[PDB]
Number of protein chains: 2
Amino acid sequence: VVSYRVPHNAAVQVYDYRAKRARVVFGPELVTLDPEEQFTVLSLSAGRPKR
Amino acid sequence: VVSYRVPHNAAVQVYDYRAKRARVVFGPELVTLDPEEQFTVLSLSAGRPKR
């Protein structure tokens, strides 16, 4: 299983492509991806000034 | 077991990803992490001026 341990004040958005349904869980939950569930990888800005 | 000895005027926040529950304990307690409990690692500013 692929399971991500979500931080407390954080949200992870997934979709079950096998089931045609959308769900996003905020808060400190342990997501459990179905065999065709995929994550919302977020490219975020960082660096000293910004990137 | 992984157990952290919390200082007296300090607070440590954990979540049991296996149990879908949030708890934070302040004060001088000895936390005991469940097999899917994880800590709130806090990156804090330090240095002479600041970092």
# chains A, B, ... in the order shown; residues from 1 in each chain; ligands from 1
call {"tool": "interface_residues", "arguments": {"of": "chain B", "to": "chain A", "cutoff": "7 Å", "atoms": "only C-alpha atoms", "output": "JSON, numbers by chain"}}
result
{"B": [15, 17, 18, 20, 22]}
call {"tool": "residues_around", "arguments": {"residues": "residue 41 (chain A)", "least_positions_apart": "5", "cutoff": "10 Å", "atoms": "only C-alpha atoms", "output": "PyMOL selection string"}}
result
chain A and resi 12-14
call {"tool": "residues_around", "arguments": {"residues": "residue 34 (chain B)", "least_positions_apart": "2", "cutoff": "9 Å", "atoms": "only C-alpha atoms", "output": "list in words"}}
result
residues 1, 2, 15, 16, 17, 18, 32, 36, 37 and 38 of chain B
call {"tool": "write_last_selection", "arguments": {"atoms": "N, CA, C and O atoms", "output": "PDB file, in the first residue's frame"}}
result
ATOM      1  N   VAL B   1       9.883   1.320  21.464  1.00  0.00           N
ATOM      2  CA  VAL B   1       8.998   2.479  21.522  1.00  0.00           C
ATOM      3  C   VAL B   1       9.812   3.744  21.281  1.00  0.00           C
ATOM      4  O   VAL B   1      10.977   3.834  21.685  1.00  0.00           O
ATOM      5  N   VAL B   2       9.213   4.725  20.614  1.00  0.00           N
ATOM      6  CA  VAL B   2       9.780   6.065  20.539  1.00  0.00           C
ATOM      7  C   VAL B   2       8.996   6.976  21.480  1.00  0.00           C
ATOM      8  O   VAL B   2       7.783   7.161  21.330  1.00  0.00           O
ATOM      9  N   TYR B  15      -0.239  12.991  15.975  1.00  0.00           N
ATOM     10  CA  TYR B  15      -1.454  12.455  15.379  1.00  0.00           C
ATOM     11  C   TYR B  15      -1.285  10.960  15.174  1.00  0.00           C
ATOM     12  O   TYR B  15      -0.256  10.514  14.658  1.00  0.00           O
ATOM     13  N   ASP B  16      -2.297  10.192  15.569  1.00  0.00           N
ATOM     14  CA  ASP B  16      -2.317   8.755  15.325  1.00  0.00           C
ATOM     15  C   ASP B  16      -2.930   8.521  13.951  1.00  0.00           C
ATOM     16  O   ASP B  16      -4.156   8.474  13.808  1.00  0.00           O
ATOM     17  N   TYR B  17      -2.071   8.383  12.940  1.00  0.00           N
ATOM     18  CA  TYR B  17      -2.556   8.163  11.583  1.00  0.00           C
ATOM     19  C   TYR B  17      -3.314   6.846  11.483  1.00  0.00           C
ATOM     20  O   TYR B  17      -4.208   6.697  10.643  1.00  0.00           O
ATOM     21  N   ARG B  18      -2.966   5.880  12.335  1.00  0.00           N
ATOM     22  CA  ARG B  18      -3.668   4.604  12.362  1.00  0.00           C
ATOM     23  C   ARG B  18      -5.067   4.724  12.955  1.00  0.00           C
ATOM     24  O   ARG B  18      -5.927   3.890  12.655  1.00  0.00           O
ATOM     25  N   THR B  32       4.031   8.827  24.224  1.00  0.00           N
ATOM     26  CA  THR B  32       4.287   7.469  23.762  1.00  0.00           C
ATOM     27  C   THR B  32       3.608   7.300  22.414  1.00  0.00           C
ATOM     28  O   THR B  32       2.378   7.214  22.342  1.00  0.00           O
ATOM     29  N   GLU B  36       1.699   4.353  14.350  1.00  0.00           N
ATOM     30  CA  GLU B  36       1.545   5.310  13.262  1.00  0.00           C
ATOM     31  C   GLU B  36       1.385   6.730  13.792  1.00  0.00           C
ATOM     32  O   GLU B  36       0.864   7.604  13.095  1.00  0.00           O
ATOM     33  N   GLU B  37       1.826   6.977  15.021  1.00  0.00           N
ATOM     34  CA  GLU B  37       1.892   8.330  15.548  1.00  0.00           C
ATOM     35  C   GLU B  37       3.194   8.999  15.123  1.00  0.00           C
ATOM     36  O   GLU B  37       4.263   8.384  15.107  1.00  0.00           O
ATOM     37  N   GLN B  38       3.090  10.278  14.772  1.00  0.00           N
ATOM     38  CA  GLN B  38       4.236  11.039  14.304  1.00  0.00           C
ATOM     39  C   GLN B  38       4.270  12.389  15.001  1.00  0.00           C
ATOM     40  O   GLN B  38       3.245  12.898  15.461  1.00  0.00           O
TER      41      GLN B  38
END
call {"tool": "select_by_dssp", "arguments": {"residues": "chain A", "states": "strand (DSSP E)", "output": "VMD selection string"}}
result
chain A and resid 11 to 16 21 to 26 37 to 38
call {"tool": "atom_distance", "arguments": {"atom1": "CA of residue 46 (chain A)", "atom2": "CA of residue 40 (chain B)"}}
result
20.7 Å
call {"tool": "atom_distance", "arguments": {"atom1": "CA of residue 50 (chain A)", "atom2": "CA of residue 47 (chain B)"}}
result
21.7 Å
call {"tool": "decode", "arguments": {"residues": "region 38-51 of chain A", "atoms": "N, CA and C atoms", "output": "PDB file, in the first residue's frame"}}
result
ATOM      1  N   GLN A  38      -4.420   8.521  -7.012  1.00  0.00           N
ATOM      2  CA  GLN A  38      -3.186   9.262  -7.219  1.00  0.00           C
ATOM      3  C   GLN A  38      -3.229  10.556  -6.422  1.00  0.00           C
ATOM      4  N   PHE A  39      -2.047  11.068  -6.107  1.00  0.00           N
ATOM      5  CA  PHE A  39      -1.894  12.216  -5.229  1.00  0.00           C
ATOM      6  C   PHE A  39      -1.926  13.522  -6.016  1.00  0.00           C
ATOM      7  N   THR A  40      -2.090  14.622  -5.281  1.00  0.00           N
ATOM      8  CA  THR A  40      -1.989  15.965  -5.846  1.00  0.00           C
ATOM      9  C   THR A  40      -0.615  16.520  -5.484  1.00  0.00           C
ATOM     10  N   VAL A  41       0.385  16.143  -6.281  1.00  0.00           N
ATOM     11  CA  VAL A  41       1.727  16.673  -6.074  1.00  0.00           C
ATOM     12  C   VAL A  41       1.721  18.156  -6.421  1.00  0.00           C
ATOM     13  N   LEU A  42       2.178  18.980  -5.484  1.00  0.00           N
ATOM     14  CA  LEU A  42       2.105  20.430  -5.606  1.00  0.00           C
ATOM     15  C   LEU A  42       3.510  21.005  -5.683  1.00  0.00           C
ATOM     16  N   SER A  43       3.856  21.568  -6.837  1.00  0.00           N
ATOM     17  CA  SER A  43       5.093  22.323  -6.959  1.00  0.00           C
ATOM     18  C   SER A  43       4.904  23.702  -6.345  1.00  0.00           C
ATOM     19  N   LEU A  44       5.676  23.987  -5.298  1.00  0.00           N
ATOM     20  CA  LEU A  44       5.488  25.197  -4.516  1.00  0.00           C
ATOM     21  C   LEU A  44       6.754  26.039  -4.567  1.00  0.00           C
ATOM     22  N   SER A  45       6.569  27.347  -4.424  1.00  0.00           N
ATOM     23  CA  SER A  45       7.670  28.296  -4.474  1.00  0.00           C
ATOM     24  C   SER A  45       8.422  28.306  -3.149  1.00  0.00           C
ATOM     25  N   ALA A  46       9.745  28.379  -3.235  1.00  0.00           N
ATOM     26  CA  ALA A  46      10.611  28.370  -2.062  1.00  0.00           C
ATOM     27  C   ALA A  46      11.845  29.206  -2.379  1.00  0.00           C
ATOM     28  N   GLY A  47      12.894  29.032  -1.582  1.00  0.00           N
ATOM     29  CA  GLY A  47      14.114  29.804  -1.732  1.00  0.00           C
ATOM     30  C   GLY A  47      14.116  31.023  -0.831  1.00  0.00           C
ATOM     31  N   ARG A  48      15.257  31.714  -0.827  1.00  0.00           N
ATOM     32  CA  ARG A  48      15.376  32.881   0.038  1.00  0.00           C
ATOM     33  C   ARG A  48      14.471  34.004  -0.470  1.00  0.00           C
ATOM     34  N   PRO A  49      14.724  34.631  -1.651  1.00  0.00           N
ATOM     35  CA  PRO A  49      13.739  35.611  -2.132  1.00  0.00           C
ATOM     36  C   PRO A  49      12.434  34.956  -2.558  1.00  0.00           C
ATOM     37  N   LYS A  50      12.521  34.066  -3.546  1.00  0.00           N
ATOM     38  CA  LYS A  50      11.440  33.245  -4.077  1.00  0.00           C
ATOM     39  C   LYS A  50      12.014  32.443  -5.236  1.00  0.00           C
ATOM     40  N   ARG A  51      11.319  31.373  -5.604  1.00  0.00           N
ATOM     41  CA  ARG A  51      11.685  30.580  -6.769  1.00  0.00           C
ATOM     42  C   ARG A  51      10.422  30.170  -7.509  1.00  0.00           C
TER      43      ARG A  51
END
